[PDB]
Amino acid sequence: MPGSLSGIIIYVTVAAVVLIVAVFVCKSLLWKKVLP
Amino acid sequence: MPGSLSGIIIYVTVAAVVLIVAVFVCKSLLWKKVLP
Amino acid sequence: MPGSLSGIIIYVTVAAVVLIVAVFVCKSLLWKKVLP
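What follows is the structure in structure tokens.
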């Protein structure tokens, strides 16, 4: 009836790479010396 | 010829996610309210 | 001949594990020239 578990296995692969890149994108915005 | 190639392919993805949080929890214990 | 989408999905998992270990091996090579 559900059948959408196969989608969760593909998702954790992408989320793992985006989690490592998100720290560099967050710090490179606060160290750009631009004050909002 | 029992085969178990379907096991390592599912596990290598989950192995990457536990490795990122584990090193952060290891330092929270050594930067705790008591440090040597 | 719809290409081979099964190839890139297996690769992004391995590339994630290779990215974490490589920065320690690259940092070890500059710290191997001088021993503490």
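Protein chains in written order, with PDB author numbering: chain B, 207 to 242; chain A, 207 to 242; chain C, 207 to 242. We put the CB at the ideal spot given by N, CA and C, even for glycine.
With a cut-off of 8 angstroms, do at least 3 Cβ pairs link the stretch 215-223 of chain A to the stretch 209-225 of chain C?
Here the stretch 215-223 of chain A makes contact with the stretch 209-225 of chain C; the two share three or more CB pairs at distances below 8 angstroms.
With 7 angstroms as the threshold, decide whether the Cβ of B/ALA222 is near any Cβ in chain C.
At least one chain C Cβ lies under 7 angstroms of B/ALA222.
Just checking my contact of C/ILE216 with B/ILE216 at CB under 8 angstroms: how many whole Å lie between their CB atoms?
The pair is not a contact, with the Cβ atoms about 11 angstroms apart (cut-off 8 angstroms).
With a cut-off of 7 angstroms, does the C-beta of A/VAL218 fall near any C-beta of chain C?
Judged by the 7 angstroms Cβ criterion, A/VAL218 is in contact with chain C.
How big is the Cα-Cα spacing for B/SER212 and A/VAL218?
Across the structure, B/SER212 and A/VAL218 are spaced so that their CA atoms are roughly 16 angstroms apart.
Measure the alpha-carbon distance for A/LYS233 versus C/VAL229 and round it to whole angstroms.
Cα-Cα distance, rounded: 19 angstroms.
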